[PDB]
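J.: Got a sequence here, can you model it:
(3 chains, ligands or ions: 6)
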Amino acid sequence: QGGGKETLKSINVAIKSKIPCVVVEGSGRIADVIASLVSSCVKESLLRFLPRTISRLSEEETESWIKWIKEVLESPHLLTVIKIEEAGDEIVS
Amino acid sequence: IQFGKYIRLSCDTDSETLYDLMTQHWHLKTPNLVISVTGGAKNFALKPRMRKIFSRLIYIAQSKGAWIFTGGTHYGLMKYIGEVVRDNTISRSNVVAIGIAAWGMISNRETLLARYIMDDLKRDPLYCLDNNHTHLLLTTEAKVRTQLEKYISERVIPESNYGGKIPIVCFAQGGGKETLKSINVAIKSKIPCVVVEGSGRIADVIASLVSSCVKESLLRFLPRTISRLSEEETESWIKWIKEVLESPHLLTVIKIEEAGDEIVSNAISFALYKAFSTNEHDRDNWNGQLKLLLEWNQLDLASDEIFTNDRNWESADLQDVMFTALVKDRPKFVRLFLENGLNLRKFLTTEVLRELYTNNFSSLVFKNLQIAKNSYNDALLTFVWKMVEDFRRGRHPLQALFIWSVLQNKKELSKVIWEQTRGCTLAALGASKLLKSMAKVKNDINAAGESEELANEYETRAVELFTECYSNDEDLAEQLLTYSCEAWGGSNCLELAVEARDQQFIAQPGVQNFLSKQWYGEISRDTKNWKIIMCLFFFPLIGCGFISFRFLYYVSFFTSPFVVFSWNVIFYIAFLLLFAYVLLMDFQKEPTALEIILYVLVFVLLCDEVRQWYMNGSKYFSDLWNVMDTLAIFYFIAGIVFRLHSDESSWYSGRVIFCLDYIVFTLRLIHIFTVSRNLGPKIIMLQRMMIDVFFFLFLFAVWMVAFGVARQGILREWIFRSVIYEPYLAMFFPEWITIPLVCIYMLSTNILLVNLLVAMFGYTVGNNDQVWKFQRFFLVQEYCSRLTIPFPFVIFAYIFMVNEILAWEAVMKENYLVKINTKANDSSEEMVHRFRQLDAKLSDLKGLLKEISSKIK
Amino acid sequence: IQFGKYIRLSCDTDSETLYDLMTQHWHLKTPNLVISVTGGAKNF
Ligand SMILES: CC(C)CCC[C@@H](C)[C@H]1CC[C@H]2[C@@H]3CC=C4C[C@@H](OC(=O)CCC(=O)O)CC[C@]4(C)[C@H]3CC[C@]12C
Ligand SMILES: FC(F)(F)c1ccccc1-c1cc(C(F)(F)F)c2[nH]c(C3=NOC4(CCCCC4)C3)nc2c1
Ligand SMILES: CCCCCCCCCCC
Ligand SMILES: CCCCCCCCCCC
Ligand code: NA
Ligand code: NA
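T.: Numbers count the residues shown, from 1 in each chain, chains lettered A, B, ... in the order given. Ligands and ions are numbered 1, 2, ... in the order given. See below for the structure:
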């Protein structure tokens, strides 16, 4: 859950090195740009949830971020979302 | 002016000292300034919805201290706006309603307390001035107004809560060219924001747009307007609406779907937020947007747009933002600042607390403390009134803030700080004890009526938290009961629930099981009753495998309060059989050695009870049967000194005093039997019926005295020995007087009979499992406090006298706080979030139907 | 450590006996293993 380059990098090394599964949530910056995707329309949703992040890191680093989200949607089975609609228990289990 | 101030003006007035007229020779400045635009419309559909929107607006204007610029005429809205202003000054929740009129359109004129005539509002097109506006400045009017609002929007204040900028908002509803012109001069000259509504003509043509499709909607809401004004003026109207949609951020709509409160304060604060945000000289400023969204109650806008992890605060700068979140009573924002990080113990320094009890403690509540401390005093109130006076004359800091919120009846602010306290089932009872002391103060029924319910909310919070605590570990929750609190008030949760008469905390099965653990002592329950009694008469049955104590077994048996009480009843009967054997067979002339035994057996009955003249407070003397025990022992000792007198008239009278003392020693045994059997739901029926028969026997004795005066006055210091005694011994000429004498007895009976029947039935009138279980807990607690050692060996103890649970209770609070909110899903069962969750899904269908007509045309 | 265990390590550590450190001289093995990722965000 939540944003930052470091949590978006660690989902990649989770899915792509070997293949253990990943659970994401419905609140955060990087957590919701991968929850919205379940192109540059990646970057369209990316400045929806974290617009004040793109103003600092480079465009040669903005290209890697759209690249990074491309290697988590290659394996859509290793992604489970905890949508905000589940307003109860059972939801983590 | 007298139907109020007046100033004549032409349109080209001056250079900004008109505002300095309003603030130097006149009233105070402004943290807000609403303007209203409706024109001189004599017709106004004053719906009850429109009544709420423009009564909340005047309520907001006094909640912030605003001016209201309106046309100062007596028509419709601007007449109603004046009436809510005089309603607000009458209700006294001041507000300034400055009227802006033409001076060429008014009806009458008086130039110099001027008199104005509100004669009648006929067919003459001249306008009548309004009577309820506090100030009046006199379409001639729409430049001197618009230049003033274009002055004060730029007037930089040194206070500067909204970038300085004296917050302007334009409140617009209804139709006409004049209200559509004034929105333009609002948005385009300088840029103060505009709020529109969902009812009106011009109000809805701008509410529909959030081309000639402008004119399509324009004849939807005002078709009979276009038939009069020119097409060279219809072109300007579509032009005019084009300069309000160039700035779509300075427009907030009050949609008809918002069928509740918050809606005027939501719209003004959202319009003031965009004019702060879209200025962009403030988008880097997270702090000015916070205090703006905290002065108003916009919790959701502060959570979504200030705490995002895109802005980077780091929660140590949030100190003065938290102090104003406390003193303005913003309970949702003190919760938001702790959720996003704030060490509340670090923030609460001792000079912050004395800043809170001096400046921010209300003088009315502090007045009711003196009526509470001096009139209904307790051990907690003497602590708290001292604790208030220590701060006002200038360590558990989280409970100093919690007492501050609880004293002022801040209902939702105190429940935010209660979840931060360490001993929180004790702070809930300590609040319930404190608030029930303030609810005793009859200086104000409304203040005492809400401290009474806040006490019942904190008693229920202590019930549900301890039921959570007892269900997880019994042995840990019972340590939490007797926690000596490090001077919360110097009390347990168990003491503080029984001073407060907190019957719901005491009737709960965790507390009632703790007392049954206390009364059985180290002897377990589930053994049997007769299994313990047969170990009293048989000493070696304790060491046998016969009870279940969960030598050291013998001292744990004979110090349990069940055994000590059963011994003190068995020994009391053996005292009464010895007192009957001495009084009949013995008692010759000298104090026989068996009677010397009785002289020390009442002395150990005496020293046990002057021991109960400690823990005393003169509570013991209002028990109505415990005063019989001293007067049974004092009557015994008076019967001793009449034995040692050697006179046969005094020795025999010494026996008579002993024989009459045998009954009150047996009446005490009968009283012990009647309370221990009726321990159970009849202990409320008992001891209320027992004081009811003491009143009836008092009224029977008053009648028996008056029957003696009628008896002795009919017949022939002697009177006291004959007017009192002989009427009882009598229950052991006719002139015509029987015409009232049976009517004496028909009136003597029916006032003693009714008092007897009131005694049988008066327990019924005036929860009865909680009313019982408090009293069953009350009575058993004093005996467990009454020196649990066998009676003849009480003197051998009397003359011989001469925070990991708080961490455990904290984790039980978090499990309890989740169980509140996960049970508030029946509140979320409604269609509040469920309504447009799927209208969002068809707006996605609208969002993909964007794609269809993009290329068919 | 006292404010708990501590081990100093550089990044190129060893061949999998770090896990065998955790299970032979140390606690029990795992029927599950959750990992959490939020970074050093001081704001949450
Ligand atoms: C012929 C004489 C000398 C021997 C008869 C023995 C009784 C006079 C004694 C032994 C058993 C005693 C009883 C043992 C158990 C009962 C019920 C017991 O019930 C409770 O504990 C109250 C419940 C509560 O406190 O919650 C209170 C004491 C009492 C009345 C005692 C009253 C006097 C008793 C009957
Ligand atoms: F029994 C009882 F009420 F059902 C009872 C039931 C359960 C727990 C305690 C009691 C109880 C209550 C009181 C009282 F509430 F009244 F204080 C008692 N008082 C005595 C006395 N023993 O010696 C004295 C008698 C002879 C003269 C000197 C004093 C007093 N025993 C009590 C037991
Ligand atoms: C409520 C149980 C009462 C049992 C009384 C037993 C009396 C035992 C007397 C032994 C001499
Ligand atoms: C003077 C006698 C009047 C009639 C007395 C009857 C009263 C009965 C009371 C029974 C409780
Ligand atoms: Na009578
Ligand atoms: Na009678």
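J.: which element is the residue nearest the centre of chain A on?
T.: Central residue check for chain A by Cα atoms, centre = their mean: the C-alpha nearest the mean position is that of residue A:34, 3.3 Å away. Here residue A:34 sits within helix A:30-35, counting by DSSP states H and E.
J.: other SSEs contacting that helix?
T.: Where contact means 3 or more Cβ pairs under 8 Å, 6 or more residues apart in numbering or on different chains; DSSP states H and E, helix A:30-35 is packed against helix A:5-16, strand A:22-25, helix A:41-49. (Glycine included, C-beta is placed from N, CA and C.)
J.: Return the residues of chain A in contact with chain B.
T.: Applying the criterion Cβ under 8 Å from any Cβ of the partner chain, the portion of chain A that neighbours chain B consists of A:2-3, A:28-29, A:50-53, A:85, A:87-89.
J.: Buried ones only from these, please, as a ChimeraX command.
T.: This is the ChimeraX syntax for the buried subset of the residues of chain A next to chain B, where burial follows 16 or more other Cβ atoms under 10 Å in any protein chain shown:
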select /A:2,3,28,29,50,53
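J.: Number of residues surrounding residue A:16?
T.: Residues contacting residue A:16 under the criterion other Cβ atoms under 10 Å in any protein chain shown number 14.
J.: thought it was touching residue A:71?
T.: Yes: under the criterion of Cβ atoms under 8 Å, residue A:16 lies in contact with residue A:71, with a separation of 5.5 Å.
J.: so which of the helices and strands packed on helix A:30-35 gets nearest residue A:64?
T.: Proximity to residue A:64, assessed across these by Cβ to Cβ, is greatest for helix A:5-16 (9.0 Å).
J.: Just the buried residues of the closest one, please?
T.: Neighbour-count burial for helix A:5-16, with 16+ other Cβ under 10 Å as criterion, is recorded at A:7-12, A:14-15.
J.: Against ligand 6, which of those make the cut? List them.
T.: The overlap between the buried residues of helix A:5-16 and the neighbourhood of ligand 6 (criterion: Cβ under 5 Å from the ion) is empty.
J.: Can you classify residue A:57 by secondary structure?
T.: Assigned by DSSP: H, G, I helix; E, B strand; the rest coil, the conformation of residue A:57 is coil.
J.: Now for the nearest residue to it once chain neighbours are set aside: which residues touch it?
T.: By the measure of Cβ to Cβ, 6 or more residues apart in numbering or on different chains, the closest residue to residue A:57 outside its immediate chain neighbours is residue A:5, 7.3 Å from it. The contact partners of residue A:5, by Cβ atoms under 8 Å, 6 or more residues apart in numbering or on different chains, come to A:57, A:61, A:65.
J.: Run the contact check for the helix or strand hosting the second one versus chain C.
T.: Which is residue A:61. Assigned by DSSP H and E, residue A:61 falls within helix A:59-70. No: using Cβ under 8 Å from any Cβ, we find that helix A:59-70 stays clear of chain C, coming within 13.5 Å at best.
J.: residues contacting the closest residue to chain B within chain A?
T.: Nearest residue of chain A to chain B: residue A:52, at 4.0 Å (Cβ to the nearest Cβ). With contacts defined as Cβ under 8 Å, 6+ apart, the neighbours of residue A:52 are B:310-311.
J.: Can you tell me how far the residue of chain A found nearest ligand 2 is from residue B:829?
T.: The shortest separation between chain A and ligand 2 is 45.5 Å, found at residue A:89 (distances taken as Cβ to the nearest ligand atom). Taking Cβ to Cβ, to the nearest Å as the measure, residue A:89 and residue B:829 are separated by 15 Å.
J.: Kindly report the same for residue A:71.
T.: Residue A:71 is 41 Å from residue B:829, where distance means Cβ to Cβ.
J.: residues in contact with the closest residue to residue A:45 other than its chain neighbours?
T.: By the measure of Cβ to Cβ, 6+ apart, the closest residue to residue A:45 outside its immediate chain neighbours is residue A:36, 4.6 Å from it. With contact set as Cβ under 8 Å, 6+ apart, residue A:36 has these partners: A:45, A:48-49.
J.: how about those residues in a markdown table, adding neighbour count and distance to ligand 1?
T.: Compiled in a markdown table, the contacts of residue A:36 are given as follows (neighbours: other Cβ atoms under 10 Å in any protein chain shown; distance: Cβ to the nearest ligand atom, whole Å):
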| residue | neighbour count | distance to ligand 1 |
| --- | --- | --- |
| A:45 | 16 | 67 |
| A:48 | 12 | 66 |
| A:49 | 20 | 62 |
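J.: Could you list which residues are in contact with the closest residue to residue A:46 other than its chain neighbours?
T.: Computed as Cβ to Cβ, 6+ apart, the closest residue to residue A:46 that is not its neighbour in sequence is residue A:33, at 5.0 Å. Residues counted as contacts of residue A:33 (Cβ under 8 Å, 6+ apart) are A:42, A:45-46, A:48-50, A:69.
J.: Would you point out the most distant pair within those residues?
T.: Maximum pairwise distance among those (Cβ to Cβ): 13.5 Å, between A:48 and A:69.
J.: hmm, back to that, any buried residues in the helix holding residue A:61, and which?
T.: For helix A:59-70, by 16+ other Cβ under 10 Å, it's A:65, A:68-69.
J.: Mind checking what secondary structure residue A:80 has?
T.: Per three-state DSSP, residue A:80 ends up strand.
J.: That one reaches residue A:22, doesn't it?
T.: Yes: the criterion here is Cβ under 8 Å, and residue A:80 meets it with residue A:22 at 7.5 Å.
J.: Compare these two and say which is more crowded by neighbours.
T.: Between residue A:80 and residue A:22, counted using other Cβ under 10 Å, residue A:22 has the larger neighbour count: 18 against 12.
J.: residues in contact with the more buried one?
T.: A:11, A:14-15, A:72, A:78-80.
J.: mind redoing it with 10 Å?
T.: Contacts of residue A:22 were listed using Cβ atoms under 10 Å, 6 or more residues apart in numbering or on different chains, and they are A:10-12, A:14-15, A:34, A:72, A:75, A:78-80, C:35, C:37.
J.: try residue A:65
T.: The contact partners of residue A:65, taken as Cβ under 10 Å, 6+ apart, are A:5, A:8-9, A:30, A:33, A:42-43, A:46, A:50, A:53-54, A:57.
J.: Ok, residue A:43 next?
T.: When the contact criterion is Cβ under 10 Å, 6+ apart, the partners of residue A:43 are A:33, A:54, A:62-63, A:65-66, A:69.
J.: again with residue A:14
T.: The neighbourhood of residue A:14, defined by Cβ under 10 Å, 6+ apart, consists of A:20-22, A:72, A:78, C:35, C:37.
J.: correct me, but residue A:2 touches residue A:28?
T.: Yes: distance between residue A:2 and residue A:28: 3.9 Å, which falls inside the contact criterion (Cβ atoms under 10 Å).
J.: part of a helix, is residue A:3?
T.: No: assessed by three-state DSSP, residue A:3 does not belong to a helix; its assignment is coil.
J.: wait, what's in contact with the nearest residue to it once chain neighbours are set aside?
T.: Across the structure, with Cβ to Cβ, 6+ apart as the measure, the residue nearest residue A:3 apart from its sequence neighbours is residue A:29 (2.5 Å). Contact criterion Cβ under 10 Å, 6+ apart gives A:1-4, A:7-8, A:46, A:48-53, B:308-310, C:41 as the residues in contact with residue A:29.
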